Protein chains: 2
Amino acid sequence: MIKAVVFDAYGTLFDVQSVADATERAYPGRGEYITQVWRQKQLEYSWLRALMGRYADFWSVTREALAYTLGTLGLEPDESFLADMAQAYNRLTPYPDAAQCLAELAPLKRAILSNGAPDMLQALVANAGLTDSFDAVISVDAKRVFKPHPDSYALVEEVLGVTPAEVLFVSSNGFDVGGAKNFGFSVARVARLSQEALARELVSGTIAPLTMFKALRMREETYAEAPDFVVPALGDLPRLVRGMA
Amino acid sequence: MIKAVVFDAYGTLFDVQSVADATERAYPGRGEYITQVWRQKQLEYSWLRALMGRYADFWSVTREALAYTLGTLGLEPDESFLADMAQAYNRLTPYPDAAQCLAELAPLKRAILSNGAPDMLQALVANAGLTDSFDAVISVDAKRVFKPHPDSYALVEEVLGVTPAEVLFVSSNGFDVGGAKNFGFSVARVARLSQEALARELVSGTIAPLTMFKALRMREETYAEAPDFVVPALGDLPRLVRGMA
C-alpha cells in the first residue's frame, strides 16, 4: 500500500518563476528571459555534470547556470554577485495549495527528494513555512548524482524505510516523472499546463519566448513511462490518495 | 603529438538546421519551431536516457524527440510517419567547408565520434559523399551510453589505437566540448555565433523564438573546461594544426 508521498521540489512544490522580481533587477527588461534560461540551464547542467561523472552540488549548478544566462546578455558578474542573486532560488514561493495538500496527507509519511543541496532545501522549506510538513527533506547530494539517476531515487528507501511500491512520487517535471517510474515508484504528475492550451498558444501567431520554455518543460517526455496519475494541482492529491488504493 | 582529428557529427560537420524543408511540410508555418525543439529534445533525451540507465539508440531518441515536438503542436503522428520524417536527420547537409577541411587534414587519422546509431551515421556520411574522408566513423552505440558519458570518448582509443593526448577533438557543441575535455582530449571548438552578436540580439527587443535556441545551444557551457582552441569554421582547422604542432 501507499505508505509515503514523496515530492519533487523545484517546479512541483515551489514556483521557479518567482525569481522574476529579482532577475528583472540583474537586467531590467530581461527578467523573463533570465528566469527561463536560468532554469533550463540549471537542469541541463545537473544532467550533464552527472553524466560526465563530474558532480558539484545544486548550489554550484545554480550559480553556473546563472553565470551562463547573464553571460548570454554580455554580462560578466563576479562570484559575490552570483552568490547573492542565486539566493533567489532559496526563497521560491510555494504553490498556493501546497500547504493544504501536505496537511490533508498528514496520516501518511511526507517527504521531499530534490537535486537541491542540503542547505538550499532547508532554507527553501523553512522560508516557505513548510518545515513542519515533512518527515524528511532528502537531498541527492549524498549520492553525488542528480535526478533522474537511479541512485537519487534509492535514497527514499534508505531514509524512509519504505519500498518503491509503497511510495507515491509527485512531480511536475516530465524527466523526473520518468526517472521515478523507471525506478519503480507510483507517480502522480502535476500538469498545470493543459496540452490543448499549449497547442493553441503555439499557433496563436508569433511564438513568444515564454511559450518556447513551456513547450520544453511542461509536458510528459516521450521516452518516459507514463505517470500512474495526472492531476492539475497539488490540492487534488489527498483525494487522489483516498480513493486510490 | 596530434595523430588524429576526431569530429562530432550533428551540428559540427552536419547542419541540423538543414531539416528545414521536411519540418515545414510537417506543419507549414511552423518549420523553424519544429527544427529547434526537435534538436533540443533530441539532445535532452540522449542525456536523460543515458543518465537513467535506460539506453535506446539515437534513432529511437530522434523519433521520440520528433514525436514530442509534433505533440506540442497538437498532432499525433503514427510510427510510420515518424520513421519517415526522422529520415531527414540522415540527410543533413554537411557544412560547405567540411569536405575541404577533411581533405587538407590527411594523412592524419580522421574520424567521427557521434551519438548517431551505426546505420544513421553510415547513411549520413554516404549521402554526403564523405565515406573515404574518414579512417573510422564511431557510434556510441557499442557502449550504450551517449555523450558526454566518458565511455563514449573511450571508444576513440579502442578504435584508432591513439591516446587521448594524441587526439584533437572537434565540436561546435558546448556539452561535447566539455565531455571531450573532461576525458582528456585536446579540443578545438567551432564557434559559429559571436557572443557579442547574441548579446545584442537578446536586447534588440522582442526575442524571436530562434534567438532562444541559439542562447541555449551555441555558447561554451559554464560548468565545462574551456576548449584548447576556438575557430570560426572547420576550414580553419588545417591551419590550426600546423601553427599548432
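Per the header: X-ray crystallography, 1.5 Å.
Just so it is clear, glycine is given a Cβ too, placed from its N, Cα and C backbone atoms.
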Swiss-Prot (S)-2-haloacid site partner of B:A9, B:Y10, B:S114, B:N115, selected from B:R30, B:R39, B:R91, B:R144: B:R39
Of the residue ranges B:75-80, B:171-176, the one that Swiss-Prot records as region 'Important for catalytic activity': B:171-176
Neighbours of B:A9, B:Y10, B:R39, B:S114, B:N115 excl. site residues, C-beta within 8 Å of centre, (S)-2-haloacid: B:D8, B:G11, B:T12, B:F14, B:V16, B:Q42, B:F58, B:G116
Recorded positions compared (B:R39, B:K147) - the one with the fewest other Cβ atoms within 10 Å: B:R39
For the region 'Important for catalytic activity' (B:171-176), sequence-distant contacts whose Cβ falls under 8 Å of one of its Cβ atoms, 6 or more beyond its ends: 7-8, 11-12, 43, 147-148, 187, 189-192, 217-221, 224
Cα within 10 Å of B:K147 (site 'Important for catalytic activity') - qualifying recorded positions among B:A9, B:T12, B:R39, B:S114, B:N115: B:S114, B:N115
Distance in Å spanning the most remote Cα pair of B:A9, B:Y10, B:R39, B:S114, B:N115, given for (S)-2-haloacid: 15
Cβ contacts of B:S114 ((S)-2-haloacid binding site) (under 8 Å, same chain, 6 or more positions away): B:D8, B:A9, B:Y10, B:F58, B:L121, B:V137, B:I138, B:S139, B:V140
The region 'Important for catalytic activity' (B:171-176): DSSP-derived helix, strand, coil residue counts: 3 helix, 1 strand, 2 coil
Most crowded position, judged by CB atoms within 10 A, among B:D8, B:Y153 as recorded positions: B:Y153
